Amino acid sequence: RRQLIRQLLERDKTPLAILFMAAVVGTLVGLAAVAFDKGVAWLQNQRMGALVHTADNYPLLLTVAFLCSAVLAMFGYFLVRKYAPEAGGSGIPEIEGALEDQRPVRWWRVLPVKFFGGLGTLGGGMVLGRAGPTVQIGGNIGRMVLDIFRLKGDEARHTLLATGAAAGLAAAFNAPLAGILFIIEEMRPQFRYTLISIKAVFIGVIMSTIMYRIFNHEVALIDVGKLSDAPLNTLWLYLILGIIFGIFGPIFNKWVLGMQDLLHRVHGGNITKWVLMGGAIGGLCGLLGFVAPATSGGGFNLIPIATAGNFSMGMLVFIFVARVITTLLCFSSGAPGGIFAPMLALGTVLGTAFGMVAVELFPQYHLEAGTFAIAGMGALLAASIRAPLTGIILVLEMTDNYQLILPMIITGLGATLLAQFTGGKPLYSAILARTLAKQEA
């Protein structure tokens, strides 16, 4: 107790040095994150202008689509396998690991690999997100300044690694809060005390978000408008939807885990069968990117279209299954780049579908499907990644429909609740586990 009294009186006194260096990490991650994003766009762009150069010979343009992305794919699968293997998949598990002191931050290897590796997979139009990549990049960015400036101490190593990861999700979504909240909900050591200064992570998130804004202002990644409010007599439908995400989450989770296994057979561990296989996936993604663009790429493009109910019911069901397919294929392949963001599209689509049904079952509720799209947008995040506070807050920061907070929070819990009750797990904790298991075996 007299310990506590002495501790209370000492609370929130983050070492100025830790604070100042947070500012620099955030800034470096911001620029980096910005740089990564523009990079991706540019290459998605060239692949479009090359389909223009050959826009008459249909079997040929199908080819240059495939190849342009297939090649770009390969450069990434290669860049990871050869120089930094810890930069396959998301990279959140990896940095999550790092915060436990159970995996290594080889920044001199991963910064170039993840950044350029990510440039190829994403820029090739593969179904993966910049989040994991930017969270990882940001962690290593923060690690690198720790090293360079030779900051000593557990607190400095934990905090600077943390602000980098928050700054990087911030910068990838224009979600300063979601960034901060991710580190406190999910990313930090879940099972024991740690000295991570919240105020220092904040300071990093700002500089990160600010960089993003210098280069990306007057446009937002998702615009959805202002949707209707949600009647209290309407809320129970949001508990049902959360239950549907809650049973699905774990199933989807298994599938990403198992497809990891099954795709690993195709190459056995071999860098050449891998990159070859990788390029076939990546070439299929640049192919899909032309014949049916909603089945491929990041998926952000169809969130707004879906929310405004501008899809038929079939089109929705198509998009949902077509994207369950190409999400597992892309992420369980090993390719650098996350599953977080492509879940946003997955959830939005599922929700909208559920919205469509409500609208005709209950004309008395004066429903808009787009409200269920918004409740569902971070619902997969809640059921599979099991960070619903960060999901909810992210979607909020991304869609500005704050009057939907009750529906979103209800579907949120409805997902985490039923995900737990059907014995699913935190996917990023299942993956870090899967990786510490092969490490001591």
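Just count from 1 along the sequence shown to find any residue number.
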Once you work out the mean C-alpha B-factor for both 99-107 and 286-294 from the entry, which is higher?
-> 286-294
Per the PDB record, is the mean Cα temperature factor higher over 226-234 or over 121-129?
-> 121-129
In this PDB entry, which of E186, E368, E94, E155 has the top CA B-factor?
-> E155
Max C-alpha B-factor within the set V349, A220, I137, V201 falls on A220
Is the Cα B-factor recorded for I18 in the lowest, middle or highest third of its chain?
-> highest
Ranked against its chain, the third holding the CA B-factor of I271 | highest
When the modelled residues of the chain are sorted by Cα temperature factor, does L181 land in the lowest, middle or highest third?
-> lowest
Could you tell me which third, lowest, middle or highest, the C-alpha B-factor of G278 occupies within its chain?
-> highest
Using the B-factor values recorded in the entry, state whether the Cα atom of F340 falls in the lowest, middle or highest third among the modelled residues of its chain.
-> lowest
